[PDB]
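3D, please:
(2 chains, ligands or ions: 1)
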Amino acid sequence: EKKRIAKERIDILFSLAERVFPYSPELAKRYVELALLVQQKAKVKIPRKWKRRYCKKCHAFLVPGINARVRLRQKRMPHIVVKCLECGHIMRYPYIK
Amino acid sequence: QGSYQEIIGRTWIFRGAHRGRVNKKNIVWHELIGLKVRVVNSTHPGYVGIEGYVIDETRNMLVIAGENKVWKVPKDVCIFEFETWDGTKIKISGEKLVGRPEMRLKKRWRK
Ligand SMILES: [Zn+2]
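Numbers count the residues shown, from 1 in each chain, chains lettered A, B, ... in the order given. Please see the structure below:
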């Protein structure tokens, strides 16, 4: 029953944080904290792509072009560059099709 | 200086985003972020009897938004009446979800 409310809970703030971060960096960041426990505490879905706009260094909601940066270049195993502009952290993420 | 004064009214993003099945057993066990509620009884000459759209939920706050103003009312300073997604009125004391939204998603203390 608790995993169940998490499914609905997690998906709601999740969509909220995304829609507001654009419109509200703090809020999305606030829920992000809420979504964080919901995910682990409630044992729900494991993060995978949100790493594209999330930071495992300082936890937050980053968006490429706004408070986030992503760069991908080919030429022998393409590699993507991701970094937190909040907590200037350098990260990488290869590309596999 | 605060986002509140900036995210006031966009209940829109709280609408086309907030639709989790709302229920008491799902109100203090849910993410307070868009759910609709009102401050019926509180200890604040400027928050009692007022209705707003929930926004913030932290160890020391629970915020609701309406018109061009926000509902600043901690969870332990008042009783929140959130409406069930089934058109049912929920009567719950902000004290249950007092500061710790996790406590509910992660059940009572672990021990
Ligand atoms: Zn960061």
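
Enumerate the beta-bridge partners assigned to residue A:84.
The residues listed as beta-bridge partners of residue A:84 by DSSP bridges are residue A:68, residue A:89.

Could you give the number of residues near it?
Residue crowding around residue A:84 was assessed by other CB atoms under 10 Å in any protein chain shown; the count is 20. To be clear about C-beta, it is placed using only N, CA and C from the backbone, and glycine gets the same treatment.

Equivalent analysis for residue B:10, please.
Other residues within reach of residue B:10 by the criterion other CB under 10 Å amount to 17.

what's it in contact with, if anything?
Residue B:10 is in contact with A:20, A:23, A:24, counting by CB atoms under 8 Å, 6 or more residues apart in numbering or on different chains.

List only buried entries from these.
A:20, A:24 (16 or more other CB atoms under 10 Å in any protein chain shown).

From the contacts of residue B:10, which land in strands?
The members of these all map outside strands under DSSP state E.

isn't residue A:3 right next to residue A:43, touching?
Yes - applying CB atoms under 8 Å as the test, residue A:3 and residue A:43 come out as touching, 6.3 Å apart.

where do the contact lists of those two overlap?
Shared contacts of residue A:3 and residue A:43 (CB under 8 Å, 6+ apart): none.

Could you list the alpha-carbon positions for the host helix or strand of residue B:103 in CSV?
Remark: residue B:103 resides in helix B:101-105, with elements defined by DSSP states H and E. As requested, the backbone C-alpha atoms of helix B:101-105 are provided in CSV (Å, rounded to 0.1, in the frame of the first residue of the first chain):
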residue,chain,number,x,y,z
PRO,B,101,6.6,13.7,4.7
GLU,B,102,9.1,10.8,4.6
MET,B,103,7.8,9.3,7.9
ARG,B,104,4.7,8.4,6.0
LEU,B,105,6.2,7.2,2.7
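
And the strands in chain A?
A:68-73, A:79-84, A:89-94.

In contact with residue 43: list those residues for me.
You didn't pick a chain, so chain A it is. Residue A:43 makes contacts with A:3, A:6, as judged by CB under 8 Å, 6+ apart.

wrong one, I was asking about chain B
If a contact means CB under 8 Å, 6+ apart, then residue B:43 has B:77, B:78 as its contacts.

Backbone dihedrals for the residue of chain B at minimum distance from the ion, please?
For chain B, the residue positioned closest to the ion under CB to the ion is residue B:3, at a distance of 18.2 Å. With angles defined as degrees, to the nearest 10, residue B:3 sits at phi -60, psi -40.
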